[PDB]
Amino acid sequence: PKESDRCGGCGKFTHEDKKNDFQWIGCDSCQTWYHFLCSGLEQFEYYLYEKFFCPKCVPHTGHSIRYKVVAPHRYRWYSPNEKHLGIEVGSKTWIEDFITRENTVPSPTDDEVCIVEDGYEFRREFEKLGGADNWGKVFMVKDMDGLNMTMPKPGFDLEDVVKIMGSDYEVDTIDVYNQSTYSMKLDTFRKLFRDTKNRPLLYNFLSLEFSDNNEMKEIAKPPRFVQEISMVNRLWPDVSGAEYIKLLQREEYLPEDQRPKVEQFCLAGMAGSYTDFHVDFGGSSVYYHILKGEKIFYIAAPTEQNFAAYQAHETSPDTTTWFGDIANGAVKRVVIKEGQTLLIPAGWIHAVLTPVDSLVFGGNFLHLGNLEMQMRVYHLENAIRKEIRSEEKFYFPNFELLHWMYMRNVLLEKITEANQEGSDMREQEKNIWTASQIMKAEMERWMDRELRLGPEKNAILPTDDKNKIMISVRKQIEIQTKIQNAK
């Protein structure tokens, strides 16, 4: 074809394909083109450099020259055409100023957050309120003792992470001032993190999930109470031996690549980092333990008034208004220090500031006690997703499939068994019963939608299998009611 269009390289015309896409970058010195994945750059650098300046030139051309900071109050901090526009939440200018008025945001009430000294008190207060089934307030636990939450011994830091995970492990990382996400080698982040004096840009990753790393997955685990209620954990039990065999023998096995991986995250952020208001995907609950550093959460209860304000905030193109300034005083401030743990139920809207370099272990999960609220957040996400175009990776992996499997593999069996004896589930399983109805009703809406306009992309559950599950669900449900009407 044309030699000048050859990478690079690579020395090739069409790249094999993290994902190079179909993208090239050109050397401002030697003028030869490079596939992005062949340029030696990482995704986080793609937009940074005004001049580049490939490896075949750096020893005799110098390092790439990055754009000069022209508009520190804009995500596009490098664009002179935006100099005159408004301060964007949370650009460098925005965060800088927010840090100074920050502590004026009111503290939460006792009904919003409950602070406890240790895991034993948490347990007591958790049970007073009705436990996980009736879990509505956030808890801060100062000392983790009694939580049964496996964590690293301090002295553990970023260095240990990169050693365990791998220097070339790529993690989706937030460019804080640009308010965007890019891949970045763990070793690159560590270099940048290590340099505490020279930080032209701040970085914060939330999304290093290590549940598939045989070493890390043993070092930081969710509290026991989280493991006991996790729907994902119930469906993909990390069991062995005969238990696993029984698993396969019932059609209860689910592929590892279908497992939502969100329950074991490592988060590391630079001081000055800000993450803006959001509800965790799928309306999942969150555990959040500070190994090192400090975090300030700004939180708002999952009420309809708040949900309406949030939905509007998320669908408006406006970029200059802090959600707290329009939430009618719903935003409360809570500080979490080294060693302390936050436990957040479904639906809580929250932003977070990182006053100090930090290292956090956290995780997301779904549970039956928050089923309604999880569906409610799901409707919220879908409503927002109609207006704005986002990426599927920022939403809960395989949300619907997870429920099809939970209904099939868990609830169906429980209802069937009760039906086959006595047996009014309201006695020793009121919770299981009410969840079944709630989940069923939601899934009836999904079914009708799939019929009205067809299935989504390829896989994973054929429409026919869904209809067969629903038929079986309706049957056992109708039977159990008859038993409840009789008794």
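A residue's number is simply how far along the shown sequence it sits, counting from 1. Rigid core here is just the name for the largest C-alpha set that superposes within 1.5 Å across the two forms.
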* Structure fact -> Superposing the other structures by the rigid core, the farther-displaced stretch by RMS over CA atoms in 7 other deposited structures of this protein, of 231-239 and 344-352, is 231-239
* To do: On a core superposition, give the stretch, 361-369 or 391-399, with the larger average C-alpha separation from this form in 7 other deposited structures of this protein (RMS over structures and residues).
  => 391-399
* Asked: How many residues sit between residue 465 and residue 466 in the deposited sequence but have no coordinates: none, 1 to 3, 4 to 9, or 10 or more?
  -> none
* Pick between 279-287 and 193-201: the one whose mean CA B-factor in the entry is higher. => 193-201
* Would you mind comparing 435-443 and 417-425 for me and telling me which has the higher average C-alpha temperature factor in the entry? => 417-425
* From 403, 259, 386, 142, pick the one with the largest CA B-factor in the entry? -> 386
* Among all modelled residues of this chain, ranked by Cα B factor, put residue 81 in the bottom, middle or top third, i.e. lowest, middle or highest. => highest
* Structure fact -> The third of the chain into which the C-alpha temperature factor of residue 390 falls is the highest
* Within this chain's modelled residues, let me know which third the CA B factor of residue 155 belongs to: lowest, middle or highest. => highest
* Structure fact -> So, residue 234's CA B-factor, relative to its chain, sits in which third? The lowest
* Where does residue 162 sit by CA temperature factor within its chain: lowest, middle or highest third? -> highest
